[PDB]
């Protein structure tokens, strides 16, 4: 699984430990080992949400399976909760796009997961 967060929050506001906390949380949530979790945080972005430049985030989670109605609700609660507690971003200023990737469309270690 891969989680990317783009945000206008400044780099200095990202706490130590944030990638590691995301990694462990996403391993637990998705049922995949932490060795398979990739995370990427991109602060200091030029963005607006609802025409306002208050803190906000535009995120993605890609996974081969483990994506669906109830699972994505659970991910959203988890991930909004973390963005709120660690980056002080209001949950209603977060969008997360979920992608259920076909194994044949995910490259790794010179091949694909198919």
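Positions refer to the first chain, counted from 1.
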(request) With reference to the PDB entry, specify whether the mean Cα temperature factor is higher for 43 to 51 or for 23 to 31. (result) 23 to 31
(message) Going by the mean C-alpha B-factor recorded in the entry, which is higher: 94 to 102 or 11 to 19?
(response) 11 to 19
(message) Sorting by Cα B-factor within the chain, modelled residues only, which third would residue 73 end up in: lowest, middle or highest?
(response) lowest
(request) Sort the modelled residues of this chain by their C-alpha B factor and say whether residue 66 lands in the lowest, middle or highest third. (result) highest
(request) Consider only the C-alpha atoms of the modelled residues in this chain, order them by B-factor as the entry records it, and name the third containing residue 2: lowest, middle or highest. (result) middle
